[PDB]
Structures are given as structure tokens and as C-alpha cells.
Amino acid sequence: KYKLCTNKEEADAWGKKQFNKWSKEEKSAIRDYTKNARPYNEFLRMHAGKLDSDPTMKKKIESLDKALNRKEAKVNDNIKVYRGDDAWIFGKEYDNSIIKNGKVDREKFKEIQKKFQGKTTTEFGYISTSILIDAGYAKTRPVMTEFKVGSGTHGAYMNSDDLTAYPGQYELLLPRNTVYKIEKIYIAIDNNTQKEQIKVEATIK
């Protein structure tokens, strides 16, 4: 099955076991992404992964790809990782009022699972995740995704200033053009807040 880090101690333990000896250029590429992912990801989504449209992003995107495509840059274990998203992840016809007074709109929810449940998709941008469920504010956001990441999947773990401008996020960065299958889209009640959240189970292929 998949490893799940439940606390700081487990996440740090697992972190130390991950590859960290990137080159200066590779670290700067990874760290640059963490400063603001928007110019990478928006450009990649807008141009369907074609780089020639803008020489400046082409160069940055190829440098990051190289760091993440490196031989050692991969996950040893099966591991579960997490991210939160706003409702428009499912399309610009949705916004965050889909949750009203801690309740998910059932009509809109059913349209979303009708459209995306069971869907295999390729992400043109990179995928930022955390190995800790609490480590973003992914519990705050309307949509929470669990990615089941199989051993050998390429990526970079970042939790220190040489690799990220935001240390303490326990980040696992996955390469661009990652293919995943949405296994399940469902609703769950947070026990602490007592509000509904849309939950997504995706498997990295």
C-alpha cells in the first residue's frame, strides 16, 4: 500500500531518505519555481506544453525538467501526497460559493463527478504537493486531492531554503506532463470544522 506521513517526525524521517544532491543550476531551477509557480504553470496550460511561444519560459521550463528528469530524482516508496484547490480546478463555471454554509452544492457536485470521476488526464503544468495533510491550508480549500504516487515516480522533495523559498511546506514537486487517473470524487465532513469538502482520489500513472 502507500506510505502516509501523519506528523512532522514521520515527514522529516521520510524527507532525509530522499535524493538531495542536485546541481547548483538544478536547485536554482527548483527554487525559482517555488517563488511563484504561476508563470510556469499558466504558460504550460495556455500553450498545451509547447515552449517555443516564449523563449524565456522555454529556458526555465527545460532547466527544471532536467532537474526533475534526473536519474536519482524519484520517489523510492509508494506514497500519498496532498494538495488543496479552489473550485475552478473543475472549470471556470465553478467558484468557491459551491460550498455555502459548509455544505457542498449537490447539483454542482454531481456535474463535477459526472464530468471528472474516472477521468485520466495529463497535467501540462507541474504538480506541487505536500507529504503532510496539514502542511498547506489544503484542509481550508474547497477541494482536497490525494495523489497516490507509485515508487519510481520522478520528482523533488523540498523542505529547506536551498530548494524552496518556502521551507516548512514538506513539498513533493512532480514533473510536468504527469498523467493521473481520478479514481473517486466524493464529499467528506471535516470532524474539526464540521463543514463539507470535495475530496479527490487520484493515482499517478
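One-based numbering along the sequence shown.
Between 103 to 111 and 78 to 86, the higher mean Cα B-factor belongs to 103 to 111. Higher mean CA temperature factor between 6 to 14 and 188 to 196: 188 to 196, per the PDB entry. Of the candidates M144, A156, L51, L163, the PDB record gives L51 the highest C-alpha temperature factor. Across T34, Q169, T178, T140, the greatest Cα temperature factor reported in the deposited entry is at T140. Per-chain ranking of the deposited C-alpha B factor places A135 in the highest third. Ranked by C-alpha B-factor against the other modelled residues of its chain, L174 falls in the lowest third.
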